[PDB]
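Okay, structure first, notes after.
Where a number appears in this text, it was derived from the coordinates with a stated rule and is not lab data. Heads up, the Cβs are rebuilt from the backbone with ideal geometry, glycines too, and the neighbour counts pull from every protein chain shown.
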Amino acid sequence: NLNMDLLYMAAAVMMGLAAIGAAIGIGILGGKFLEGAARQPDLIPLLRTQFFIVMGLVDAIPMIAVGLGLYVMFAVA
Amino acid sequence: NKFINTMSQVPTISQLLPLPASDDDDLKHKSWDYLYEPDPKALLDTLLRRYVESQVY
């Protein structure tokens, strides 16, 4: 019935916005990383650690969104 | 003239422009490359002008 037709729509909108948010967030963050690695070769191993430290918080909410999208799609169905 | 020694000196003629091809080789510049404010070429021009002034002095 109608329930599943709207619930696939709901999961779709939630994971789509999650995808845009996460991907562009890490896109900007990584862009500053690469420019910071460009000029000086010394600290690639250092910035690439601060990169993960921050990239964790970028992915905080979008994986709430993805978890709940998968939850809707396979368990609310 | 060149003050080679306390006891001896010699007259000389040396080219200051165009900039002579002094060896001046290093590759450590990769580690510390200058952030050119405002521009690289403007800074380079001021540096060359100062260098000619310095060599004359």
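With respect to (1) assigned to a helix (DSSP H, G or I); (2) away from chain A (no Cβ under 14 Å), the lone exception for B:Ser14 is condition (1).
Scanning the stretch A:25-50 for residues that are surrounded by 12 or more Cβ atoms within 10 Å (Cβ to Cβ), aliphatic (A, V, I, L, M) and within 21 Å of the chain's Cα centre (by Cα) yields A:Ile26, A:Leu29, A:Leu47. Only a single item in (1) in a loop (DSSP other than H, G, I, E, B); (2) within 14 Å of chain A (Cβ to nearest Cβ) is not met by B:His29, and it is number (1).
Within the stretch B:33-57, being loosely packed, with under 10 Cβ neighbours inside 10 Å and either assigned to a loop (DSSP other than H, G, I, E, B) or within 14 Å of chain A (Cβ to nearest Cβ) (or both) holds for B:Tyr34, B:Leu35, B:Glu37, B:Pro38, B:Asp39, B:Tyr57.
Looking at A:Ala10, A:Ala75, A:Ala22, just one residue is without any contact (Cβ under 8 Å) to a residue 60 or more places away in the chain and either surrounded by 11 or more Cβ atoms within 10 Å (Cβ to Cβ) or within 30 Å of B:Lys28 (Cα to Cα) (or both), and that residue is A:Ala22.
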